[PDB]
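Notes follow once the structure below has been shown.
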Amino acid sequence: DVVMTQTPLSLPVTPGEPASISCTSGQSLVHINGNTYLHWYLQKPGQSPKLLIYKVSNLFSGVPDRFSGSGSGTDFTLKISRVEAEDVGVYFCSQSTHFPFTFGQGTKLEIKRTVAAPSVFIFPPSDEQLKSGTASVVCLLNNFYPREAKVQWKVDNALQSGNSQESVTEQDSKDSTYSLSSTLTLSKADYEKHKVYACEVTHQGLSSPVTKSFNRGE
Amino acid sequence: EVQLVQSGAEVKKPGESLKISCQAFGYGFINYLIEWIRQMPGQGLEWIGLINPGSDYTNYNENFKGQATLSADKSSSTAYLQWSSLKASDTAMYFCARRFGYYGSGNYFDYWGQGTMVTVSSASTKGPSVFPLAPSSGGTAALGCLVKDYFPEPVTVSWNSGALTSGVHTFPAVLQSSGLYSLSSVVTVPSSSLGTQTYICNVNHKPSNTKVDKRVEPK
Ligand SMILES: CCCCCCCCCCCCCC(=O)OC[C@@H](O)COP(=O)(O)O
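Given below as structure tokens:
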């Protein structure tokens, strides 16, 4: 099949500046009929993709002329003359020259803003939950930028592994920040074995790692 | 305006089959080129195949041949996708789309169905438990609700019956090793309000007819 490779995987952009995204196909997209059926789509979270550019360079109806497409054979480029807030989401290249039709893996355009450190919060498990035989410990990283963040769980100074899961919000449309939750899950039997529960957060916005903790009880 | 309407969300067990529909509205269904494309968890687009209802023409992604069967009913203007021997990894949003006409036609369409969410799992319907994420420290405090151990997706969470939206973050669900989902919803509020203002998260899980209001208070 014709593999389509997109770069970069992520593109933080500041509104007003130009942007450019690349798509390479593992074989020529020039059809025997002379046309090149390479298209560009933009998808927003929770929605279907929407067509921006067809056959390399033709703007789909309604698409503003700040978008353009170029390239030939195997190498293709989508460009935005000056980025606007509305341009955010996942860009996919698409080929319909060769069956099976294929797609690139996507390039995510997000808003670049100044670095913002997370506000960190820890939540002990509730009495209610404990009664049912399980303990969830939640660590919240609120309103930070950029998305890269490290959360480590320490239980009585010991590093935890394989017992936590992380979840992340979509970039806030108004303040351009992310928020993140990390949830440590233990049996009630395992939770009452230890005292100190600690969430350690590493982020570009913080001078050094920040730790919130509680002692089981108090 | 041409529209494509797909059948409702499906929950299936491993090994079962499904058949989902894509209903067209407009004359000329027989000349359509209908494609099916699925999309995995915030992931890439996987092309399944294309069908022309006016002829025997079909083309299938080889990777799904003999799981997938595309068909069309010209009398009802409906296209169908059948998928046999479903696996957990077949969990995805399934779209039908009309994008192209015949080569040389000059036709570029961008008609997409609303998508059919398909969940494949051995799990049984179960409503969530809802636990408070209590605030503690005058600046701003965070609080929330942990919505644990439900199936299938989705749940909805509002605060104070939708009266509070500002500063709320409702995280995507994660699938636990038990096969049940879990999510948290948090809000940041003024510290000074904590003594006076009530905070209740309202959790609705339609697939189980579950409605839970959980009051979140300090201590
Ligand atoms: C006698 C043979 C008829 C049976 C053919 C049925 C299957 C047709 C498969 C066609 C795939 C079309 C993919 C595509 O990219 O279409 C673009 C066209 O929209 C417009 O083409 P153009 O821009 O006018 O060259």
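Sequence order for the protein chains is L and H. According to the deposited numbering, the first sequence holds residues 1 to 27, 27A to 27E, 28 to 213 in order. According to the deposited numbering, the second sequence holds residues 1 to 52, 52A, 53 to 82, 82A to 82C, 83 to 100, 100A to 100E, 101 to 128, 133 to 214 in order. The C-beta atom is built at its ideal place from N, Cα and C for all residues, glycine as well.
Cα-Cα, which of the options is closest to residue i?
| i | options | result |
| --- | --- | --- |
| L/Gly68 | L/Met4, L/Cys134, L/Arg108 and L/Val13 | L/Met4 |
| H/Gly190 | H/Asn62, H/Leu82C and H/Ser127 | H/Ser127 |
| L/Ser202 | L/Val13, L/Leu37 and L/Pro113 | L/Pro113 |
| H/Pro123 | H/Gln66, H/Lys13, H/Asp208 and H/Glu1 | H/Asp208 |
| residue 216 of chain L | L/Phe87, L/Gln155, L/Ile27E and L/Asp70 | The displayed coordinates of chain L run from 1 to 213. Any statement about residue 216 of chain L would go beyond what the structure contains. |
| H/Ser115 | H/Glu1, H/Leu33, H/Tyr145 and H/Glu212 | H/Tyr145 |
| L/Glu161 | L/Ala153, L/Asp60 and L/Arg142 | L/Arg142 |
| L/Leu154 | L/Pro18, L/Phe71, L/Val191 and L/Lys39 | L/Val191 |
| H/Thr110 | H/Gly162, H/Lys83 and H/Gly100 | H/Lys83 |
| H/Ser82B | H/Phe63, H/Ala78, H/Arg95 and H/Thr77 | H/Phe63 |
| H/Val198 | H/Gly157, H/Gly53, H/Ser76 and H/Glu61 | H/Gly157 |
| L/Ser22 | L/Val13, L/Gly29 and L/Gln6 | L/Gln6 |
| H/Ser203 | H/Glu10, H/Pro149, H/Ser161 and H/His164 | H/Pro149 |
| H/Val163 | H/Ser153, H/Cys92 and H/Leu170 | H/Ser153 |
| L/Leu104 | L/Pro12, L/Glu213 and L/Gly66 | L/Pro12 |
| L/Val205 | L/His93, L/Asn138 and L/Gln147 | L/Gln147 |
| H/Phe166 | H/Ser173, H/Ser179 and H/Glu10 | H/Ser179 |
| H/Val182 | H/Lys13, H/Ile20, H/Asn155 and H/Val169 | H/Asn155 |
| L/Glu195 | L/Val150, L/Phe62, L/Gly157 and L/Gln166 | L/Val150 |
| L/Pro8 | L/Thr72, L/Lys169 and L/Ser56 | L/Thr72 |
| H/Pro14 | H/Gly174, H/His200 and H/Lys201 | H/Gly174 |
| L/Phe55 | H/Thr151, H/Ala168, H/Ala88 and H/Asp101 | H/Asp101 |
| L/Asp122 | L/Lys188, L/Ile27E, L/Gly212 and L/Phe94 | L/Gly212 |
| L/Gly157 | L/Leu181, L/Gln27 and L/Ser168 | L/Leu181 |
| L/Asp167 | L/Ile106, L/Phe94, L/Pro120 and L/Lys188 | L/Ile106 |
Suppose the cutoff is 7 Å on Cβ atoms and the five residues either side in sequence are ignored; what does the same chain contact list for residue i look like?
| i | result |
| --- | --- |
| L/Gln90 | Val2, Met4, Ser25, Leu27B, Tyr32, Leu33, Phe96 and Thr97 |
| H/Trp82 | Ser17, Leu18, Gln66, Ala67 and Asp86 |
| L/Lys183 | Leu125, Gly128, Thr129 and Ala130 |
| L/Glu79 | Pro15 |
| H/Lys143 | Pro119, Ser120, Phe122 and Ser177 |
| H/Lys73 | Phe29, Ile30 and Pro52A |
| L/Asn210 | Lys190 and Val191 |
| L/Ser76 | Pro18 and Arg61 |
| H/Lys117 | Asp144, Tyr145, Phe146, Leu175 and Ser203 |
| L/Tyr49 | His34 and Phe55 |
Here's a check: name, in chain order, each residue in its chain whose Cβ is nearer than 8 Å to the Cβ of residue i, leaving out the five neighbours to either side.
| i | result |
| --- | --- |
| L/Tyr140 | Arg108, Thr109, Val110, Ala111, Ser171, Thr172, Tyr173 and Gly200 |
| L/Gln124 | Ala130 and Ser131 |
| H/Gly133 | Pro185, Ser186 and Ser187 |
| L/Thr164 | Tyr173, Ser174 and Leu175 |
| H/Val211 | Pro123, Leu124, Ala125, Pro126, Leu138, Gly139, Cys140, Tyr194, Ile195 and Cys196 |
| H/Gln192 | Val184 |
| L/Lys74 | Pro18, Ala19, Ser20, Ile21, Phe62, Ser63, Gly64 and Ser65 |
| H/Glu10 | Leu18, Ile20, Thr107, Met108, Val109 and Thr110 |
Spatial neighbours of residue i within its chain, please: C-beta separation below 6 Å, excluding the five flanking residues on both sides.
| i | result |
| --- | --- |
| L/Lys145 | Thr197 |
| H/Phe25 | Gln3 |
| L/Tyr186 | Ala130 |
| L/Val58 | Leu47 |
| H/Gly97 | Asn100C |
| H/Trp47 | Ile37 and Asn60 |
| H/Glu35 | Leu50 and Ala93 |
| L/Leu37 | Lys45, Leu47, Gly84 and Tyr86 |
| L/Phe118 | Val133 |
My assumption, with CB atoms under 8 Å, is that residue i sits in contact with residue j. Please give the rounded CB distance.
| i | j | result |
| --- | --- | --- |
| H/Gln39 | H/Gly104 | Actually they do not touch by this definition, with Cβ atoms about 12 Å apart. |
| residue 265 of chain H | L/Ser43 | The first residue shown for chain H is 1 and the last is 214, placing residue 265 of chain H beyond what the model contains. |
| L/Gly41 | L/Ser52 | In fact, because the Cβ distance is near 29 Å, the residues do not count as touching under 8 Å. |
| H/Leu80 | H/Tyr59 | With 8 Å as the limit, H/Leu80 and H/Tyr59 do not qualify as a contact, their Cβ atoms being about 11 Å apart. |
| L/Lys39 | L/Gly84 | 4 Å |
| H/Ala137 | L/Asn137 | 6 Å |
| L/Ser159 | L/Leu135 | Actually they are not in contact, since the Cβ atoms of L/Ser159 and L/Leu135 sit about 13 Å apart, beyond 8 Å. |
| H/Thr77 | H/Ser21 | 5 Å |
| H/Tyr99 | L/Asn28 | 6 Å |
Which residues of the stretch 131-158 of chain L have a Cβ closer than 7 Å to any Cβ of chain H? Give them in chain order. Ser131, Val133, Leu135 and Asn137
Between the stretch 58-77 of chain H and chain L, which residues of the former have a C-beta closer than 9 Å to a C-beta of the latter? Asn58, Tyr59, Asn60, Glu61 and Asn62
3-residue-minimum beta strand (DSSP E) runs that sit fully inside the stretch 50-86 of chain L, ordered along the chain: 62-67 and 70-75
Completely contained beta strand (DSSP E) runs for the stretch 141-182 of chain L, where each covers 3 or more residues: 145-150, 159-163 and 173-182
Could you name the residues of the stretch 89-120 of chain L whose beta carbon sits closer than 7 Å to any beta carbon of chain H, in the order they occur along the chain? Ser91, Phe94, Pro95, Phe96, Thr97, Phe98, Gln100, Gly101, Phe116 and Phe118
Could you please tell me which residues of the stretch 157-175 of chain L, in chain order, have their CB closer than 7 Å to any CB of chain H? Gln160, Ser162, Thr164 and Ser174
Report the start-end ranges of each beta strand (DSSP E) in the stretch 142-191 of chain H that is 3 residues or longer and not cut off at the edges. 151-154, 163-165 and 176-185
Residues in the stretch 170-189 of chain H with C-beta within 8 Å of chain L's C-beta atoms, listed in sequence order? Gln171, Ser177, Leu178, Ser179, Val181 and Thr183
Got a sec: which bits of the stretch 136-165 of chain H sit with their beta carbon under 7 Å from any beta carbon on chain L, in order along the chain? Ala137, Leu141, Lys143 and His164
Chain-ordered list of residues that sit, by beta carbon, closer than 5 Å to a heavy atom of ligand 3: Ligands present in the displayed structure are limited to ligand 1, and ligand 3 is not among them.
Using a Cβ-Cβ cut-off of less than 9 Å, list which residues of the stretch 47-77 of chain L approach chain H; keep chain order. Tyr49, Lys50, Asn53, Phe55 and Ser56
Could you name the residues of the stretch 3-20 of chain L whose beta carbon sits closer than 8 Å to any beta carbon of chain H, in the order they occur along the chain? none
Chain-ordered residues of the stretch 174-190 of chain L with a beta carbon less than 9 Å from chain H: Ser174, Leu175, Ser176, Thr178 and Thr180
Taking only beta carbons into account, state which residues of the stretch 18-34 of chain H come closer than 7 Å to chain L, listed in chain order. none
Chain H contacts from the stretch 192-213 of chain L (Cβ-Cβ distance under 9 Å): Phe209
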